[PDB]
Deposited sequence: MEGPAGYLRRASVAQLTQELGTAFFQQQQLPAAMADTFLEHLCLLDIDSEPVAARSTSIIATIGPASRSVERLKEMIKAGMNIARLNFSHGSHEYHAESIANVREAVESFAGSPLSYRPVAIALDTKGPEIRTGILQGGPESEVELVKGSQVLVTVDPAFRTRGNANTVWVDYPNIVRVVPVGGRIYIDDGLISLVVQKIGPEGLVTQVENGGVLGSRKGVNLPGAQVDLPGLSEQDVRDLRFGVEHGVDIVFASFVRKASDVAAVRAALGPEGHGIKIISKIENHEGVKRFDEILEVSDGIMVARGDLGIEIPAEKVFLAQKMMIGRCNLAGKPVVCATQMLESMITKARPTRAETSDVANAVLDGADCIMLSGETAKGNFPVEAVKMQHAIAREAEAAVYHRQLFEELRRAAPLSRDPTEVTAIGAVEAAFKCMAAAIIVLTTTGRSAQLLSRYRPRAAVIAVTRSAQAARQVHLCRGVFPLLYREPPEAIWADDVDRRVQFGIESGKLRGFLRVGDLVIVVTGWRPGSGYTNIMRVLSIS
């Protein structure tokens, strides 16, 4: 034993469960009185909307743990989103270099959306009643309790008699009874309050929408123009869908990370080819749980998180994680469970939508995800996870890859408080994070954009280094390492007496990481 740290120390952070010999025994030893210690490592994405646009609200959200701001281009004009970007940047800047928190900005594309029209504000579609789905432009604004208009003309051709049409998060359901010149005549399977311009899903259908629409292209170029850090690409179904996105971003947008949203059957089945050309993945559960049966989504989520973990690429879990918090101050027991299990599954990021975009408790929702993620991360059975990742990852002659596993192994040996890594592009930090160390990965960089983008990786804490280079390079390295230490002390990551692992390289420029050193904090 080691009374160097204290008896108390080994009772915290689920350490008694960490040393179990089987997963089952690990579960049996989890302890509600064992308090988390490590800094929360899972990234929190918060969607911007009326409830979170204010600069003052955004500062509270950043303080609560928001790492990435999501702009939902399904709604709002370019000017609206420009203002969103503006407020985030002002919140971020209006807080010492040692305490600065970068926040990334992600553009979530509209994609192949089918939507109903504006009624003549709320109507009801009685169960059993008959409703006409029309593409007749005359009925564009003539929507009512028996007549639904949709903005997808070819719908009348892709939905056969008997086919189903979902409206508003798949809540309203219609089954096609008769196809005619006027449109699909259907019977309301499940009724409800239909509003204006609601989402439509055609599960079985062979939808013929572009994939990257003319609008999407304009939105993406807007993103490049305003320096967004990440793009969440909607309805990615194949490698060529990601190429389209890359192309639309152009020469100037080559540094933007592409996270492919998997939202339908084809995307799940062509996952491998998609992950191969993407920077990361979003499990987009909203559309996915309508496009495939709701009861199969967890299988897709667990499979996708697993393959991303193997590949060392960021994966996001999204949609309805704390839904009830849109109107209530506390989440349901299923929602807390869902956040915790997403972390335990292996997610790099978890996301909030309505909860922060439009609900009454946006800051509370961020705080709740932070509290859950922190408990969950301590409950991860590193013994099994590290060993399985280690044995699956392939032999490597890349010195950055070799140094990373050595560093994470070393960290586990001494209960390192942190691994401090210098990085130009984020990569050295990324290859560390993929082994899921318990130690915080403190990444020191001069690239403001890499500092934002690295928030996609679990357990990476970016520090933006602002000072001009020293005349002597080895001196410049050492100074950044010290910046990382002093930042970590300030933020409560590090204490005098802690051991850290320090990861650097042998020459300037990206790609030369090759050194690990074991340092005591003084």
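Residues 1-15, 111-112, 138-141 of the deposited sequence, counted from 1, carry no C-alpha coordinates in the model.
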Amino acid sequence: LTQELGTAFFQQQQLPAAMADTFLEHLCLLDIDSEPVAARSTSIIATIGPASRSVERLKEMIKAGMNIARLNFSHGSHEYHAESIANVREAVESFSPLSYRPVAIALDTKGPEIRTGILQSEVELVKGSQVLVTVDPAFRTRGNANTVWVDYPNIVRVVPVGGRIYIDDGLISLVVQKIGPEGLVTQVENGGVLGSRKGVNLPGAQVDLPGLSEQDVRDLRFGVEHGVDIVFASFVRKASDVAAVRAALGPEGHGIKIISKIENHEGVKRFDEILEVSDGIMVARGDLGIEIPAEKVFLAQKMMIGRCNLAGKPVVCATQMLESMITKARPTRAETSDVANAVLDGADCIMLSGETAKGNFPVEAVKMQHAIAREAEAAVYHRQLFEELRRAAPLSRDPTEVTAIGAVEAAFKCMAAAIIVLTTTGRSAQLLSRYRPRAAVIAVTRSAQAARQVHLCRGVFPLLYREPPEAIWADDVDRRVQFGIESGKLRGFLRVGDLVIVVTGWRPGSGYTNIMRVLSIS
From here on, numbers count along this sequence of modelled residues.
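As recorded in the PDB entry, 466-474 is the stretch of 466-474 and 45-53 with the greater mean C-alpha temperature factor. Taking only CA atoms, the mean B-factor in the PDB entry is higher for 158-166 than for the other of 277-285 and 158-166. For the set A329, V236, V193, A311, the PDB entry assigns the largest Cα B-factor to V193. The PDB entry assigns the greatest CA B-factor among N146, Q430, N341, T109 to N146. Sort the modelled residues of the chain by CA B factor and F95 lands in the highest third. The deposited CA B-factor of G227 belongs to the middle third of values across its chain.
In the deposited entry, the Cα temperature factor of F139 sits in the top third of values across the chain's modelled residues. Among the modelled residues of its chain, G484 has a C-alpha B-factor that falls in the middle third, as given in the PDB entry. Sort the chain's modelled residues by C-alpha temperature factor and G267 lands in the middle third, per the entry.
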